[PDB]
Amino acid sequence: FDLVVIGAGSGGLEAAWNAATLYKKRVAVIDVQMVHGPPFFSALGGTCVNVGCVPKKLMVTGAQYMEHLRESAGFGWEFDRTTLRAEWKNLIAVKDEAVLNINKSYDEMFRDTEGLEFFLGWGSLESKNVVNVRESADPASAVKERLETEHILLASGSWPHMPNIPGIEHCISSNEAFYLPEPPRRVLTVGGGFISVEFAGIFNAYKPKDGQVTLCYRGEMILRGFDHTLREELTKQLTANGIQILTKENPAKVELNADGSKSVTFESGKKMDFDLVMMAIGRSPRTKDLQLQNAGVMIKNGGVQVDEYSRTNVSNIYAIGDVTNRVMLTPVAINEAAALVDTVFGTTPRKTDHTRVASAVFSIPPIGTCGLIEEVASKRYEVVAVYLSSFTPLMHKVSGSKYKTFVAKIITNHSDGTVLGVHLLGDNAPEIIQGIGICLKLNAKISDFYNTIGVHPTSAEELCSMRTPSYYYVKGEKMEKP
């Protein structure tokens, strides 16, 4: 065995393939389930396939339709606007198929590829060059197989974080929310993270009759780590779409109600009744059931310590993915995988660039972002220029949704022109931000944007539309031209 991969997810699969396909090595892959769903949720394919980016983007598309059927009327589409309702059981059916279809696929991929073996079970390190597979999570379960090898890849990804608080066992995570029989009727998503904000919008689209969605977050504004303009705007726009966002509130305990309701008590002492309570306040690496001490693999701040080339600390042992407790995205786990394998089984070693990484939040409206934010950048850089346009696009001036401001924001190191970050809020911003991600990889300057000839009319042309900064940050304080 040239390599063993624990975790058949975004990261592990990508390297389990490649390494076999391109370097003719043969490898073993371990995951715990096969198909999506209870009781383990994450199957073959990984978190992103079974319970992540894929299943959720379908639902968010499903949800976005609420806005179309409404805004269509502005361009003269008429019908019985009293006979429309969305059936959540449907949206789950189509989802399931898709995931299972991807599930059923990776199944065959193992069937037909030489030098690629998979076994069901819980794989856990046993010694520097050997990995066990028990029957269960417990390290004293039925040993299924015992794989010896020259190389290990740790790729177990993450798992929802549920706070110690009592009544916790009455709250679910995103996982269980993929499988709700009924849709929630009054719901609390807890946290300001994208996961919370995205599900907030889904739930708000499949809202029954007297339905209401409630978001709470302990800090001052949703989506911490994002440019403040996006945070303000999305906040107003979610509000405008009848989502209740409660800032500076957090559950102290969860009490099960008289009927079947749940009654949440916050720190503030505020009490609210809901039908559902979904935690989303973070995800933790799945390092426990791995049992690394049997080999001596260093943990740190929650994630497996690693260097620039995914070399852990024990030679021959390796780690990438959510298990590293860095930025937990699928394409980052994939880039890390393809790099690892090239360096390990190849001629030209390579390291993953963790900078300028484009990302998106599929809220409604969505957000696309790449690079630094006004704050941070104002502190790493003596002089910072900010180019901002914040208007309501034509198409929305009609429609009805006058509140749907499109926000485009380029922030640069004003000393040379280099673009430090771009931030987008508005329809298709996720599609738009991808290109710019390539631009920044090329160390583009603001002039590279404004010299490019626009595509008219788009929302995107706004990125080539700004030549004169809206304001500057000099040595950390905001300044302007007189």
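Residue numbers here begin at 1 and follow the sequence given.
- Here 101 to 109 and 360 to 368 are compared by their mean Cα B-factor, and 101 to 109 comes out higher.
- For the two regions 253 to 261 and 378 to 386, the entry's Cα B-factors average higher over 253 to 261.
- Reading the B-factor column for the CA atoms of 218, 409, 224, 170 in the entry, the top value corresponds to 170.
- Ranking 456, 26, 56, 445 by the C-alpha B-factor listed in the PDB entry places 26 at the top.
- Ranked by C-alpha B-factor against the other modelled residues of its chain, residue 82 falls in the highest third.
- When all modelled residues of the chain are sorted by CA temperature factor, residue 89 is found within the highest third.
- Among the modelled residues of its chain, residue 476 has a C-alpha B-factor that falls in the lowest third according to the deposited record.
- Among the modelled residues of its chain, residue 350 has a C-alpha B-factor that falls in the highest third according to the deposited record.
- The entry lists a Cα temperature factor for residue 129 that places it in the highest third of the chain's modelled residues.
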